[PDB]
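Analysis of the macromolecular model
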Amino acid sequence: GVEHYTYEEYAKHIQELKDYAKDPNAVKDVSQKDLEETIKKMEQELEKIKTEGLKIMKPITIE
Amino acid sequence: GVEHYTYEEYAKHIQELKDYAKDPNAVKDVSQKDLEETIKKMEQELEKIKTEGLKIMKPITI
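Parameters at a glance
Residues numbered from 1 in each chain as written, not as in the entry; some residues may be left out. Chains lettered and ligands numbered in written order. Heavy atoms only, no water. Patch = residues over 30% accessible without salt bridge, like charges linked within 9 Å, V, L, I, M, F, W, Y side chains within 5 Å. Areas by Shrake-Rupley, 256 points an atom, 1.4 Å probe, with all protein chains shown as cover. Salt bridge = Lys/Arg side-chain N within 4 Å of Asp/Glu carboxyl O. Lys, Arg positive; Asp, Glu negative; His and termini not counted. Charge placed at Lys NZ, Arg CZ, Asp CG, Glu CD. Helix = DSSP H or I, 4+ residues; strand = E, 2+ residues; numbered from the N terminus. Buried < 20%, exposed > 50% of the residue type's maximum accessible area, 1.4 Å probe, protein only.

In its metadata, the entry names X-ray crystallography as the structure determination method and reports 1.78 Å as the resolution.

The record deposited in the PDB is entitled "1.78 Angstrom Resolution Crystal Structure of Hypothetical Protein CD630_05490 from Clostridioides difficile 630".

Together, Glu63(A), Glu16(B), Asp19(B) and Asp23(B) make up a region of like negative charge exposed at the surface. Checked against the element boundaries, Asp23(B) lands in the loop between α1 (7–21) and α2 (32–52). The class of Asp23(B) is partly exposed, set by a relative accessible area of 35%.

Attention shifts here to the pattern of salt bridges. All names here are of chain B. Under the counting rule described, the total for this entry stands at eight salt bridges over all chains. Of the charged contacts in the structure, one is a salt bridge between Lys58 and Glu3, with a shortest N-O distance of 3.6 Å. Taken together, the residues span a long stretch of sequence, with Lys58 in the segment after α2 and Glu3 in the segment before α1 at a distance of 55 residues. The exposure class assigned to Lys58 is buried, which follows from its relative accessible area of 19%. Owing to a relative accessible area of 36%, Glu3 belongs among the partly exposed residues under this scheme. As a salt-bridge pair, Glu45 and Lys48 come within 3.1 Å of each other at their nearest N and O atoms.

Structure follows, in structure tokens:
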């Protein structure tokens, strides 16, 4: 199986990204509007995990 | 911070995962078959970086 997020894990990931976007010293390779748009898209995907069983591939770490 | 992978960076990340899968005595909560299936899905996403401009966000850090 492809490693994928749980609703709880993805909700936490989204909150970490929301908190980071508000850090005055946040480093981003996209505009503030693009990041807010991406967070909106992730919130729609989060609800699809609950309502459609959407499998959002989870990153794998090597350590 | 918020950064997206380049094709080269993601290709390197996939190779580092392939190298990891070769020492089964790994320290992760992923089975060998789930790791192989996950790497297959990542190879499809790698091609989308080149053919569709897919933006894959890197883990958020420092």
